[PDB]
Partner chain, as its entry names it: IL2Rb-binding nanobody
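Below you will find one chain, with nothing else, as structure tokens; this is the form deposited without its partner chain, and questions on how it binds or moves follow later.
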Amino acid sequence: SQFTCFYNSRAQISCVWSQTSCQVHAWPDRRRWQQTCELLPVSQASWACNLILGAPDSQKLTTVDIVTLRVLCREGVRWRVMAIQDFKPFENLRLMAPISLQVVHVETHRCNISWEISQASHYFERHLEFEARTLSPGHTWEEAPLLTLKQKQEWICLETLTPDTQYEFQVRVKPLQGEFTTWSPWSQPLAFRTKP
């Protein structure tokens, strides 16, 4: 029914397949290697696995590369192709969540928070953007305003905060390139307090 994959811009392709032994096969149009991962149930109706193409920060694909991705399922004495896709890696980017969130400095009404990105290709340079949100005491994550950073800025200075107050903070990252490119997962929330 659905075969969806994302490239982390380095050496990992994450695949989900919805619809009993199945796997994803990767066949690149101009590389010597091939890759396979065993699809595992992540729910009752979906399977997933990661294609590992190399070391965490290796650059295994470019915009020129086309990788043929196939879902193969064992049916008795015979294998079958359940889904196929000519994967253009940089058209289907999804990065890892931002990491290493920390408070740079906190005041009574202000707070500067920084983070880093993980396994993001050097090809991006500064062609990246971020979104952040702050969890307030009497509200939930879904109620939190999406803060937009339309440049590669790995920090934010939250203004108009309330003294002596607990907050939580999340940030996600996205490259500007790629038709099907989507946001990274949210980072782990960072908890902090404004000064009294």
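Positions refer to the first chain, counted from 1.
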property: Deposited-sequence gap flanked by residue 19 and residue 20; result: 4 to 9
property: Stretch exceeding the other in mean C-alpha B-factor - 165-173, 134-142; result: 134-142
property: Of 73-81 and 119-127, the one with larger mean CA B-factor; result: 73-81
property: Given 26, 64, 42, 156, the residue at which the Cα B factor reaches its maximum; result: 42
property: Which of 68, 46, 151, 36 ranks first by CA B-factor in the deposited coordinates; result: 46
property: Modelled-residue ranking by C-alpha temperature factor, third containing residue 105; result: middle
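Form solved in complex with its partner chain: not shown, discussed below.
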| item | value |
| --- | --- |
| Touches its partner chain in the entry with it bound: residue 85 (any heavy atom, 4.5 Å) | yes |
| Heavy atom of residue 141 within 4.5 Å of its partner chain in the entry with it bound | no |
| Non-hydrogen atom contact residue 81 with its partner chain in the entry with it bound at 4.5 angstroms | yes |
| Partner proximity in the entry with it bound: residue 168 to its partner chain, non-hydrogen atom cutoff 4.5 Å | no |
| Candidate from 68, 36, 46, 162 lying within 4.5 Å of its partner chain in the entry with it bound - any heavy atom | 68 |
